[PDB]
Every structure is written in structure tokens, then in C-alpha cells.
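Working notes, beginning with the structure itself.
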Amino acid sequence: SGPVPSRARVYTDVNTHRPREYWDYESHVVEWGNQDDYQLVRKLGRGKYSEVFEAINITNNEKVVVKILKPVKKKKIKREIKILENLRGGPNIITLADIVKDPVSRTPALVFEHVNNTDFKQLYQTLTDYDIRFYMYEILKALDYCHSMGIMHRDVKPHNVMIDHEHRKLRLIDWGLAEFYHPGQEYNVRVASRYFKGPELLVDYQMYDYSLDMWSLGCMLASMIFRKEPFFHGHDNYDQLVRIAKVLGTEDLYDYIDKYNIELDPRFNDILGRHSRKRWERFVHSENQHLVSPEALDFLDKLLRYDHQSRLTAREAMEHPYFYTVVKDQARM
Ligand SMILES: Brc1cc2[nH]nnc2nc1Br
């Protein structure tokens, strides 16, 4: 009789109380700059949707980062721009500095504040127990802010977390998949990386919310404290849910499907089978035990839930005992 509707438990109507211009990015007018102010130095990396370069602003001799966008729909460019401008100045949010366009090829490019070319994926293995809690707390600051601004990132993964370990700085980047949350709106489930897709994306439940980012955050935490990258290692979108079901169990999965009256793809009933909910001790060994604690396992369990409504919010996560020492040390400053 159709899926059961769902609402976010926090920041549900923040966009409703704002002017239309805040979230109606289709009508957003882009403030274009002059690309002659920037000279590219070297390429930093590629991607399906952009190429990233280190560049120099020749007007003030400032180092910047230039993201030349691949050809995508104009509304998607306006969405990333509007979200970056709404979140500008937020805690641990990357700063959009300028928007330029090649006068010949009409190719748009975003100019960001400079950050050291080193992300969370390259640094996790050398991090101590305290470093994991510290940087996870910094990620939660950025997530709680953008959620409070009515925006979900929808692509939380270590590759999108830039870290300057010398200064202990952290920046959340790549907002090309972020969207504004509106209660009752059905979103595209073809988002995020395979290993970080929430169960709602794999069962094709479109009325999701900020809680999607909290699942992806839980996938990062599990891979770091267990040193298993990725943690849920599926061969495809169907097998990705099977890998999750082999850990969280199938009974909670069918209760989740039953609660929201989700029409499960018939290709799943032959491959899901029957699996019990595993204990987190199964993934602990002598090489990751220094990163695993009862607080870490209790915090991880509250993030990786089938029911998106039962996962911790970003604000609830920041108050878990897992961060008690980090919060106390920041108060000492
Ligand atoms: Br700074 C920076 C900002 C980005 N936005 N999307 N990808 C990005 N990469 C780097 Br590096």
C-alpha cells in the first residue's frame, strides 16, 4: 500500500523557516570571477566529476586549490555552489574562495582555500586511539553544523576528509552530492560510495534524511578502529547489503523493511538468506586492540543501525562517553 513516510528527528523544518532563496538553488545566480587571477601549478588528483589542481592567486600571491568541474547539469553546479556559500565559515567546512570560468571552453571551476594534499584515508593507520577520537569529534562538528543548516552531505568517506596533522586541522570537502533536507521529499538513492551506502539506499527508500551521513560515519569508524578497509566490502549494490546483513543480522533488516513497508527488490530474497547479528569482538585482533575499547564499540553500535531513525544524531554522538576525554581537553584550551 506504499512506503511509510519518514521525518528527520532533528532540524526537520529549518529550511521551511528560511527564505526560498536559501534552498531554491535552481534560481541561484552564480557570481563569476576572473580566471586570469589564477595560474595552475600542478595537478593534485582526478575524479569522475572533477580534476583538482594546486594554483596560485597572482593578485595576492596566495596558494589556492582549483577544482575544474566535468560537464554536469547546470542545476547541480548551482547546488554545490549554493551549499558551499550557505556553509561558508562553518566549523571544519572547506571555504569556497571564488568561482571562475574558462572564457574559451566555458568550463566552470571552483576555487577553495588551500589545504595540504593529505586526507583521512592516508593518515588513519598511523593515528593513535586519541587521534581517532579527536578527528572523529572534528568531523561531527562539521556534520552537526551542516545538518543544523538543513543540508546533508551524502558522501561522507575518508577521501572527503582533508587533515593537516601538523596543525591538527580538518576540513570536510566535496559537496557535489550534498542536498537540502525538506520533510516529505524523496531523494535519489544513487548517491555515495558503495562501501558507505546506508541500508535505506540499498533497499531503495527515498524519504531519508541527515541520518544517512551518520551511517557513513559509522563505516569510517569501523574501518579505522578495526583496520579493515573497507569494513563492508560488497562486490555491488546488492552484495553490499548482504555484507551488512552478515554483520547486523537479517532479522533486524526484515523488521526495518516491515516497519516502513518497503518493496524489496526480488533479487534480494535469494541472496540475503538468514544471518545472525554478530558481536563486535569478532573483528578485534592483536593489531587493532589498542584502538578498540568498550566505549568505541558502544558508540559504533549506535551508528550502524538499519533504522535510520534509530541512529544517533551528530549532536547525540558528540555527547557519547567515547569523546569525554576529547571534550575535556578542548575545554582546557
Ligand atoms: Br580544497 C578541495 C575542495 C574540494 N571540493 N571537491 N573536491 C575537493 N578537493 C579539494 Br583538495
Side-chain angles (χ1 to χ4, degrees), residues 1-9 152-158 177 179 185-285 288 292 296-313 317:
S1 56
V4 175
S6 176
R7 301 291 188 267
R9 306 189 295 110
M152 38 186 179
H153 188 278
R154 306 197 306 176
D155 198 10
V156 177
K157 61 181 181 176
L177 286 179
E179 259 285 4
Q185 181 161 324
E186 300 181 300
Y187 298 90
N188 181 19
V189 299
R190 296 281 290 172
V191 295
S193 172
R194 182 196 311 157
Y195 309 138
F196 304 88
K197 288 177 182 289
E200 59 269 50
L201 308 182
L202 303 173
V203 305
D204 196 6
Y205 185 77
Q206 298 185 255
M207 200 176 297
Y208 59 83
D209 54 73
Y210 315 106
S211 51
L212 173 63
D213 293 333
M214 302 309 295
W215 173 274
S216 305
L217 186 67
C219 296
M220 290 185 47
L221 177 66
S223 66
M224 293 183 300
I225 65 175
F226 294 136
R227 296 206 176 189
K228 183 187 182 303
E229 195 281 324
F231 189 75
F232 298 118
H233 190 357
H235 292 136
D236 53 71
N237 287 340
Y238 294 98
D239 184 64
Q240 182 70 19
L241 188 61
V242 179
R243 301 300 184 105
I244 299 172
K246 289 186 175 184
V247 177
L248 297 188
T250 50
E251 195 158 1
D252 288 353
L253 176 56
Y254 289 118
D255 291 357
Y256 171 63
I257 289 170
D258 203 311
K259 176 183 177 182
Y260 296 92
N261 196 31
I262 297 169
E263 280 195 18
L264 192 60
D265 193 305
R267 280 179 286 266
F268 274 117
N269 51 40
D270 282 274
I271 64 176
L272 285 176
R274 188 180 303 271
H275 300 281
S276 62
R277 182 167 63 92
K278 305 305 182 304
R279 289 175 172 84
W280 298 110
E281 68 185 19
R282 174 185 298 255
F283 310 98
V284 180
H285 51 70
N288 60 19
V292 177
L297 299 184
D298 185 76
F299 174 53
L300 178 66
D301 184 79
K302 297 183 187 303
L303 295 176
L304 295 180
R305 302 289 178 93
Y306 289 116
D307 196 338
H308 53 277
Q309 288 184 16
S310 64
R311 305 170 195 157
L312 295 177
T313 65

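Just so you know, these numbers use all the heavy atoms, side chains as well, and skip hydrogens, waters and symmetry mates. Residue numbers run from 1 in the order of the sequence given.
Enclosure of atom CD in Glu251 is not indicated, since only 12 or fewer non-hydrogen atoms of other residues, nucleotides or ligands lie within 6.0 angstrom. Annotation: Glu186, atom CD; neighbour count of heavy atoms from other residues, nucleotides and ligands within 6.0 Å is above 12.
With sequence neighbours excluded, the residues forming a side chain to side chain donor-acceptor pair (under 3.5 Å) with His285 are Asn288, listed by chain and number.
At distances below 3.5 Å, not a single donor-acceptor pair connects side-chain atoms of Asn237 with backbone N or O atoms of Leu202. Under a 3.5 Å cut-off, the side chain of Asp155 and the backbone N or O of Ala192 do not form any donor-acceptor pair. With hydrogens and angles disregarded, no donor-acceptor distance shorter than 3.5 Å links the side chain of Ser211 to the backbone of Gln309. No donor-acceptor pair under 3.5 Å is formed between the side chain of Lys302 and the backbone N or O of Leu304. Checking side-chain atoms of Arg227 against main-chain N and O of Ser223 turns up no donor-acceptor pair under 3.5 Å.
In this structure, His308 and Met214 have side chains that are not in contact, with every pair of non-hydrogen atoms separated by 4.5 Å or more.
Of the charged side-chain nitrogens involved, at least one lies within less than 4.0 Å of a carboxylate oxygen, so that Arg267 and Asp265 count as a salt-bridged pair. The residues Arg243 and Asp239 are annotated as salt-bridged, a charged nitrogen and a carboxylate oxygen being separated by less than 4.0 angstrom.
No donor-acceptor contact under 3.5 angstrom links the side chains of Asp209 and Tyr187, judged on distance only.
With ring centers used as reference points, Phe268 lies under 6.0 Å from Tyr238.
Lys259 forms no cation-pi arrangement with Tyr256, by the criterion of a distance under 6.0 Å to the ring centre and an angle within 45° of the ring axis.
Pairs passing the salt bridge (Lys or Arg N to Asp or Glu O under 4.0 Å) check and including a residue from residues 192-201, sequence neighbours excluded, read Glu200-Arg311.
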